[PDB]
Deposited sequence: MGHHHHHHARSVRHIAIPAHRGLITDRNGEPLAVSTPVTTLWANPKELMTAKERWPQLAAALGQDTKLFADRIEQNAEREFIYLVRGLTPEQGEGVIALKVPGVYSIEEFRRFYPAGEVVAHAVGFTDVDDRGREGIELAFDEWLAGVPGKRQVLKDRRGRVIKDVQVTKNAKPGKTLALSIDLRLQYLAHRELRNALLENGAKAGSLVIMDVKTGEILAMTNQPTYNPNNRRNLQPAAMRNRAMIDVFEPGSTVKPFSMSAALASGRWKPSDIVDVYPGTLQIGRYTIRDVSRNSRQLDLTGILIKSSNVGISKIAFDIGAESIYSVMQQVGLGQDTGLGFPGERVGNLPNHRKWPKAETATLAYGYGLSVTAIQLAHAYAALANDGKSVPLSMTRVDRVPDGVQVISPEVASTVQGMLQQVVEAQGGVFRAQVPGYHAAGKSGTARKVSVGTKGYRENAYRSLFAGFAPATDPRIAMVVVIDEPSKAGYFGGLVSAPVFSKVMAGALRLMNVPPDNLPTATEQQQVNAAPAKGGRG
């Protein structure tokens, strides 16, 4: 006779979207265990027990003999109650069932990267499951038992500690927008023969992540083998050069300096600019005088570089750091990357120019979307959240409201003006944004923007990695994805059309 204490598993808390749609649900599973000391008295039952467990008779018999000095062995973990009851129905001495919890992900591949998953022990292993593990797990209980000399449970004496169930968690994700974003990103990858992609949707007023999808994705309900590339939450754990998508932040520094107005002109002829051994190069090289809006419409690296030389890189670095590029988001997502915003005590001319046009800095899609959200929210940055926000925290004014408003207007012209990124136009609304194309010849196609331009509600980033068709420019590849997903998101959120 021996007094022993055994655990009582806790029910893991439900994860829902922002409207209560289930995203991660704890399902009862049966764990079958056996006491090899008791099994030894019923050898004639072993072949039927092996057959029920789908094991070769001899391998099963060998396994029980090799573990003959033990009082506990796992037979099979995570069976369905129906399957466990079938083994229990054989009435084999020394065989026991135990109720365990296993996660089911009703939206499967659609929200796999954001939700993440639990391991074999029901502990958070990836995504939100890992980030909020303490909240979701609860606390296992403890049961007191009396065991005989073979280790067989003679009596259940008392519960010493009751199990405490885990707590419900409502994400910021809107499953309707998530499904729309998932489908359009998937379609774009196919249309462009692309390797990977990410799409982030943010509420500019609340800091909430309304959608976060990546390609390739995986079914978290069937994780048998399957590629590590498919499990990466790329929006948070992959870094890239943002390129021309950071030019609005360089422009914000220009307008805040007191030295530049949108109607000021920069001469970008002949479409290149030599700075020692380095040459700044424009894509289209048939311009001379461009105004500040024109520098963004034509995406002139030369133009933004000349502005950067005039105002100094310190002013540009400060805006980019303040909007969160290459900075910790504070989300604490597992494996989340910070990227890098290079710094210098004395900025050389080449580094000043490359900073201004987003070369040599590394950011995540989440960081880029957060920066555009600050710009869209009249220069005020609301802290990021992966959970439903009921009480909105105070934001930080990172760009002056007048400067943010002027840049917003310039970005609406990037989308709407003659020669602009027309594929980003959102039917029924005024939209604003900037595309980018980064050479990694392999490319990353980008679009970052927000809408409705008259009263912004949503910021969005579209990243398409290595499009393989003739078209690779961000304005061609990523801009139409932004248009479709933004139109859908605005409609789902009942945002009144502003292009009247």
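- Judged by missing C-alpha atoms, the gaps in the deposited chain sequence fall at residues 1 to 9, 450 to 459, 520 to 538, listed in sequence order.
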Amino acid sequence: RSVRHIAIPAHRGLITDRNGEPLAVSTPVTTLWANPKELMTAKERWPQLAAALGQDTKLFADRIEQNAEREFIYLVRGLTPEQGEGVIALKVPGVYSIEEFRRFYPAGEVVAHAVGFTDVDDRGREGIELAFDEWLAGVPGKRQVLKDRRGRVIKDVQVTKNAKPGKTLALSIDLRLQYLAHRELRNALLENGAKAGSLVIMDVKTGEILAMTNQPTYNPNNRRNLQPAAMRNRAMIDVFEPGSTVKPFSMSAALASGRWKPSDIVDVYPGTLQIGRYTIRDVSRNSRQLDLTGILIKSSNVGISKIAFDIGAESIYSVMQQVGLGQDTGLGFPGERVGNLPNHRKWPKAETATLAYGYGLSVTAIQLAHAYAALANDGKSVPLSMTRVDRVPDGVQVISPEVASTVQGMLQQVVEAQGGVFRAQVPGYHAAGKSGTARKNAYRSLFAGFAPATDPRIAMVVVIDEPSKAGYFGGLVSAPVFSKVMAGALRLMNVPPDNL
From here on, numbers count along this sequence of modelled residues.
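- Look at the mean CA B-factor for 205 to 213 and for 229 to 237 in the entry; the higher one is 229 to 237.
- Comparing the deposited coordinates for 127 to 135 and 332 to 340, the stretch with the larger average C-alpha B-factor is 332 to 340.
- Reading the B-factor column for the CA atoms of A470, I458, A431, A448 in the entry, the top value corresponds to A470.
- Within the selection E85, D282, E109, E402, the deposited Cα B-factor values reach their highest point at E85.
- For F104, the recorded CA temperature factor ranks within the lowest third of the chain's modelled residues.
- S26 sits in the middle third of its chain by CA B factor, as recorded in the PDB entry.
- Annotation for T160: CA B-factor lies in the highest third of the chain's modelled residues.
- Among the modelled residues of its chain, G409 has a C-alpha B-factor that falls in the lowest third according to the deposited record.
- Among the modelled residues of its chain, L290 has a C-alpha B-factor that falls in the lowest third according to the deposited record.
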